[PDB]
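Okay, so we've got the same protein chain twice, two forms, each given alone as structure tokens, structure 1 and structure 2.
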Structure 1
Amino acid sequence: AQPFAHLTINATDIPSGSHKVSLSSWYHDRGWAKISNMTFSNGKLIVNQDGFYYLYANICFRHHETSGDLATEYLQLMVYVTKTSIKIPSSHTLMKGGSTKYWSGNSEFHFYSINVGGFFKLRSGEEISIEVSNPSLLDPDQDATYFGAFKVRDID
């Protein structure tokens, strides 16, 4: 009765895109990917039980060019954690992170991670989702790209 989730990227199905793009593809029941009394559905983590949750997210970006430079060298690497609901169709951002980055051709490899976390009042039916820029650069490792939640408190 103390719900949690830890979802790890499922690199099988990662989209290309040139804005904030939604990440719908996650494991919920494998390796570190675990879920309890919440539901992962249609790309979002659903809250089943009112309460205060700690939300967090770790996103890794990486590139290794066999030779030459990146096609574009100046990058925005960002993550957005959003809250949505059936009723409040419109998404609202809970947490944001990342960095602009110059991945120059002077080096053939590049790595960067983002971490965010925060305490949030959630009600059943509310849903958490992840968006990132430059999804194709994502590290597909379960220890690298993941997000999660655990209930800490009741409301009252």
Structure 2
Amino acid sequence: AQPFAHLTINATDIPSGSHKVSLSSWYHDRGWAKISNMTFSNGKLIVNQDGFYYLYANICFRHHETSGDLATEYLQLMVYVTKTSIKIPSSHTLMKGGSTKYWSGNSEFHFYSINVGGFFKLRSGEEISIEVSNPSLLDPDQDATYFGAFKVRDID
């Protein structure tokens, strides 16, 4: 069957505030957003078929001055790609990326992107989710903020 997903941020429903959250709203079937033989449900990408997948994420952060002063100009912009299952209550991080930044009020616009990618063993019923540090800084563009997976080989 050879499953895959390319999920892009749901611009309609990005969380507000500046505490780290678990991102649960993504498009699955519009623009470049697509999914086959995996399911997206309850804010999680669910693996349907055992296999080794390549997982990836691109996350973009932005701030313009018309949004007013930042709470602090000292930022740590992070992405965490985490795994859990419908069974176990806890989740564990697979990949991680980001950078501390200084975004001065002197400049009118700021931008930064994180990309992570990795090859992981996945089982039916396991669930991937994206956590980010500053929800309100997220770039709503489909070419900016996305994550995905595609099966590369069987478990055997």
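Numbers given to residues start at 1 and step along the sequence of structure 1. Rigid core here is just the name for the largest C-alpha set that superposes within 1.5 Å across the two forms. Residues that one form lacks are left out of the comparison.
Here the two forms are overlaid on the core, and between structure 1 and structure 2 the C-alpha of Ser67 is the only one among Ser90, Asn42, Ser67, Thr100 to shift by 2 Å or more. Once the rigid core is overlaid between structure 1 and structure 2, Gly17 counts among the residues whose Cα shifts by 2 Å or more. Core fit done between structure 1 and structure 2; CA of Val132 shifted by 0.1 Å.
When the two forms are overlaid on the core, consecutive residue runs of 3+ whose CA positions all differ by 2 Å or more between structure 1 and structure 2 map to 16-20, 66-71.
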